[PDB]
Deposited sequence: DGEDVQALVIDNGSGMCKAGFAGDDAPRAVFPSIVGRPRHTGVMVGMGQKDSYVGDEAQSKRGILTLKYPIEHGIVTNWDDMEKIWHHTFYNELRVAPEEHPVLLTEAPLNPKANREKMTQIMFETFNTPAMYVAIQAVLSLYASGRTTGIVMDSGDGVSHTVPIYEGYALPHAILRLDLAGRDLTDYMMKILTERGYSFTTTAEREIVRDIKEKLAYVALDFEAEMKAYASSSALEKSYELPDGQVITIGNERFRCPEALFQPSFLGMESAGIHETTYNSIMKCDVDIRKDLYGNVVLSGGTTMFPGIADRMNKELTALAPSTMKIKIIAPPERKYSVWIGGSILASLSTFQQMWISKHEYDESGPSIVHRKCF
């Protein structure tokens, strides 16, 4: 796709990579962030859906864990696949915006930068924090983003365009944990979901039928008495199963991590704690601009439940607003697309010239 120079936007997540062209309202390519290599022989590699389909003969790996790159050789294959197989571009002809997680280690930031300039010969590149881009996509400069994906959740207070690092909180409770939990409770129901292919079916049941109950205890009851809210789901073979309270117990684990044997605070309490770590004078503006982002925030009912819970934790006169855009699976990416399209961003990128002069540590000064 491509005004004058066409910038690219790539949002790399633990579970999914979202990539596309700056100026588009949505990522053109969305694929699983999985690299597969032969269990025996041909060097060779597969990415995304093709790796998944050849899983019996490949060793599959996820280069990103909890939002952070832990394998750079496999990350390079994601990126190569992104440029040549998905976007069909020559990376040397385009400025590239990449995203990162809140608090990404310093060395990781340098490596991404080095890889783009030395492996892919990008003419220019930039690295942005994912939560800050979602805040921008919602048309705000101040607020708190609760970003939840497949591997990590974060609460990220932002003020006048910038994250407040001391107040950011990380919770290793996210989509993958919920899929796994749904496998466990559907099993207890009487079914059997334990295998890899089964995990894929369950991931789809969670995405299609799960929801967050506004009142968890009154819901268990409505279900314990009546059958009216149970749902049918058709398996790939035509068998039809019935889902009952597993529908809301699954995402309930976001608010009650003990359901997963976890000692942590839930997403509502993590959001509160992040707010309370900020200066008292900006907290009203945080409560008033709670932005949800990421695929694990797409459960129906989640925004109403966050509103109820934060209302209970804050003073009764505090105005609370939870913003949950219908496009929030891709808010990160869209924010990056807007940022990279601005007439005034020309000046922001790291150019190849700047890289050649200062090396990878240039990122600490240009990308903040």
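- request: Return the ranges of the deposited sequence not covered by C-alpha coordinates, sorted by sequence position.
  value: Deposited residues absent from the model fall in 43 to 49 alone.
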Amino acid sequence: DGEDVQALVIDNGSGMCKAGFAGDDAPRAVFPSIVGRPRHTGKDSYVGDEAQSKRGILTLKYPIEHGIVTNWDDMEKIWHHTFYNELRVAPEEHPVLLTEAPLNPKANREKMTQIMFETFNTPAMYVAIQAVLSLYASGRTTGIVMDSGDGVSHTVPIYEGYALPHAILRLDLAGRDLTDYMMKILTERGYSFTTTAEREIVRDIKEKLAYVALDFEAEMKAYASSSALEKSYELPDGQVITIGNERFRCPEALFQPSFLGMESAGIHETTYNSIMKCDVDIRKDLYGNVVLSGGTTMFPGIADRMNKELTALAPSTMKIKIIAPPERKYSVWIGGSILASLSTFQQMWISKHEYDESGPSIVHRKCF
From here on, numbers count along this sequence of modelled residues.
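- prompt: Higher mean Cα B-factor in the deposited model: 55 to 63 or 308 to 316?
  reply: So the stretch with the higher mean C-alpha B-factor is 55 to 63.
query: What stretch has the higher average Cα B-factor here, 353 to 361 or 12 to 20?
result: It is 353 to 361.
query: Hey, out of 112, 146, 218, 168, whose CA B-factor is highest in the deposited coordinates?
result: Comparing C-alpha B-factors across 112, 146, 218, 168, the top value belongs to 218.
- request: Using the entry's values, work out which of 150, 92, 207, 188 has the largest Cα B factor.
  value: So the option with the highest C-alpha B-factor is 188.
message: Please place residue 321 in the lowest, middle or highest third of its chain according to the CA B-factor in the PDB entry.
response: It belongs to the middle third of the chain when residues are ordered by C-alpha B-factor.
- prompt: Among the modelled residues of its chain, does the C-alpha B-factor of residue 5 lie in the lowest, middle or highest third?
  reply: Residue 5: CA B-factor falls in the highest third of its chain.
field: Ranked C-alpha temperature factor of residue 291 among modelled chain residues, by third
entry: Lowest third of the chain for residue 291's C-alpha B-factor.
task: Check where residue 46 lands among this chain's C-alpha B-factors and tell me if it's the lowest, middle or highest third.
output: It belongs to the highest third of the chain when residues are ordered by C-alpha B-factor.
- request: Sorting the chain's modelled residues by C-alpha B-factor, tell me whether residue 175 ends up in the lowest, middle or highest third.
  value: Residue 175: CA B-factor falls in the middle third of its chain.
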